[PDB]
Every structure is written in C-alpha cells, then in structure tokens.
C-alpha cells in the first residue's frame, strides 16, 4: 500500500515549479542553476522589498548579479535565464503556494565572531513564510547550514505551526547542505557530490529529483535529514582533528628536538585508499567558523536528541581535545617568541613585534576567527607594541592592518609569521635584518614559509612550529 505523502507526490507529477528564498551568495547560483535546467518551468527567488535588499529584485530582474562580484559565469547565467521567463525575483511570498518544491538558502550570519551559535532569525523568517503559504504535496528543502536535528526539530515544528499540515504526510522535508566556495560557485555545485537527506524515503527521493538535474559530474548522495546535517559537521570535525593530530606531533617533536616535517613526510610515504593517513600541515592555529565550531554542534546535537550514548566515561571527547590543542597553538606561538627573546635576555614588555599575517588562509582576505587575534592579545597584555601586516585584509573591526611591509618590520625586536602568504615566502633574511636593525632580530615562523638556515646564518634567533632541532641553534 501507498502512504499519504507518496500518493500526493505521484499525484503532483514531477517538479516543475521551484522557489528559492535567500538571494545571496548561495541562493542565486542555486535558483539560476535550477532555472537553467530543461526539465523545470519557472523558478521564483523570493526577496522582500527591504531598504537594505530591495535593489536585488530590480538588479536580478534584469539579468545582473547584485554581489561582490565577478564570480565566473554567474552574471552571464542569470542573464541566460531572466530572458527565457524561467527566472523571476519576487517579494510576494504568498507565491510559494504555487510551487512544487521550495528551497531555503538564507545566510546564517553570527553576531560577533560570537562563539558558537550563528544568528538564525533571517532563516526562521524564511521558514515561517514557507509554512504560512505551504500546501499539501510540496517539497521543502532547507539548504542553509543548520545544527544537527534542526530539520526534524524546530524547522518541522514551525513549518507545522504555520500550516496545520504534517511533515511526512501532507508534505516532504529534506535538508541539502551546500558545500560551496565563492569564486568557484557554479561549477562546485555542478561538479561535486550533493548530500540530500529527507525525513523519510518519500522526501529523500523527492529531493534527489530536485538536485539531480543540476549536476554535471556530481552525484547526489541520498540519506536521512539528520544524517545529512551530521555529515556537514563531521566533515569539519574530522579535518579539525587531523590538524590537531599534527599540531600535537609538532609539539612532541619540539620537546624531542626533531623536525616534524621529516616525520610528517615519512608518515606521508604511506599511500593508498584506506591506507594514507592523510597527514595535514601544522600551523599557528585554526580560523573560520566551521573548523572551530562544528564539533560543538555535533556534540550539542548528540545531547539535544537525548539518544542513549555509551562512551568510556564522562570526560572530553577527542574532538573537544582537538578543539583545545588547536586553540592552544596561538599561545604556543607566543611562548616561542618569549623563549626567543629570552635567548638574548629581552622580556616582551616594550618590545616591538612585527606580525606577518592577519588572514589565516594563504593569499586570502578572511580573518574571521583568526588565530592571529589571540596572539596579538597576549603580546599587548604583556607590554609589547604590535604592528600588523597583511597584503589582503583591508578593513578589520578595531585593528590596524598595514599593507606596507617594512613600515611593519622597522625597529621590530621579533618578526612573527602567522599566515602562509606568498609574500612571506619571499621574505629574505638580509632585508629583514636591515629593516629591523637590532643585531639579533627574532623570527618566529608558524606557517613553514621561512627557511631557517638562511636566517640563522644572518644573526637571527629562529623558532619554527615543530622545528627540530632548529630552536636550540647557535646564533
């Protein structure tokens, strides 16, 4: 026998009419990709006539991207689709009642780099609106990043509050997280696998049907709604633990006086699917939101659903431990620099520190949740002047970034490399010795961009993360 949802869905036929709420970095390529598909009729992108965002309706309704910025193929694609009557931007949210599938791709901000919980108000709004206008036989996919259990929890509860209908009876609900990078938007979508999880089999197939058409090389990875949200968190939690594994090897190697890079490359010689080890690079910390928060969401997720967990006792989980080792890396950089100044008898209080790197990703502009900030704070509290350099980061809240190397390195007692920028990989000992003066300048390298022998030979007191065996060198 067929269940109630299955009847309704086969009774709808296929998906012809798609709606995308959230006209930002992620919902625009989505809506437009949906619309560029042969087998779909219209897609409606929903955007309220805000004084902040109303201009998106007119920019988009004419084939133009409201964003920053160039994003290869994007402007072009929107144009392609606006012309054919297959894409329209609207503030009329009561449309939605006319759709087969509705998707929510609303940005999920964060107040301050305020620890764990992003702000969801914009998203919950989208969901209320969906619920207000939701009809039986509709497919609703949450595409925003959400914390495990949101689909089966609140998202379901408000969607059912608003409509009087039941998820998995009157309508389908799924989650399809969008793993995506600005710059490579359209084709990352196109080219890699999409995770798709409904609250039931009926909902996951209805979604497979949504996402299949947009893919050229990517496949859909079908699963449950919760399994999908946990996949987002787990992918970050695991990369985090990989980083914390080598950071810890780095610390172990320093105490043993050996080079972590040689141990790393020995480990790395083990190749093969299910064999590798997949060893990452050690460094001066971990920045971003995902890598620094997703284990807490996975752990909160275990807690919120009150399923029965057995685990060794009541302690910390390796993931939490990974968070803490990774979090310690800035203070470790600092102990290194204090140690380096000590070899000369030089304090900190009233030292100049030239910090090289605010962003934490090589040749990039995001300093969000930067390991550089906890480091700056330790230097400032201990009594040092600090000047900061980064050739990409433009304007950061209440901290001065100079683009002028040299202005930054002038009179510096210590030069501290926190970001693996290309510019720092071309930093020559000669120049740094001559612009900082001093007589023994200190250089602390947290990103494997300094060749130690060049600097040591130049009068520098060198330290490097995980370095032998370099750190107790003669000057």
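Positions refer to the first chain, counted from 1.
Novice: Tell me which of 394-402 and 280-288 has the higher mean C-alpha B-factor in the deposited entry.
Specialist: If you average the C-alpha B-factors of 394-402 and of 280-288, the larger mean comes out for 394-402.
Novice: Mean Cα B factor from the PDB record: higher for 194-202, or higher for 83-91?
Specialist: Going by the record's values, the stretch with the higher mean is 83-91.
Novice: Maximum C-alpha temperature factor per the entry, among 330, 131, 222, 72, belongs to which one?
Specialist: Reading the PDB entry, the winner on C-alpha B-factor is 72.
Novice: Checking the entry, which one of 257, 345, 314, 213 has the top C-alpha B factor?
Specialist: Comparing C-alpha B-factors across 257, 345, 314, 213, the top value belongs to 314.
Novice: Sort the modelled residues of this chain by their C-alpha B factor and say whether residue 48 lands in the lowest, middle or highest third.
Specialist: It belongs to the highest third of the chain when residues are ordered by C-alpha B-factor.
Novice: Is the Cα B-factor recorded for residue 303 in the lowest, middle or highest third of its chain?
Specialist: Residue 303: CA B-factor falls in the middle third of its chain.
Novice: How does residue 12 rank on Cα B-factor within its chain, lowest, middle or highest third?
Specialist: CA B-factor rank for residue 12: highest third.
Novice: Sorting the chain's modelled residues by C-alpha B-factor, tell me whether residue 375 ends up in the lowest, middle or highest third.
Specialist: Within its chain, residue 375 is a middle-third residue by C-alpha B-factor, going by the deposited values.
Novice: Divide the modelled residues of the chain into thirds by Cα B-factor and specify which third, lowest, middle or highest, holds residue 388.
Specialist: Answer is middle: the recorded C-alpha B-factor places it there.
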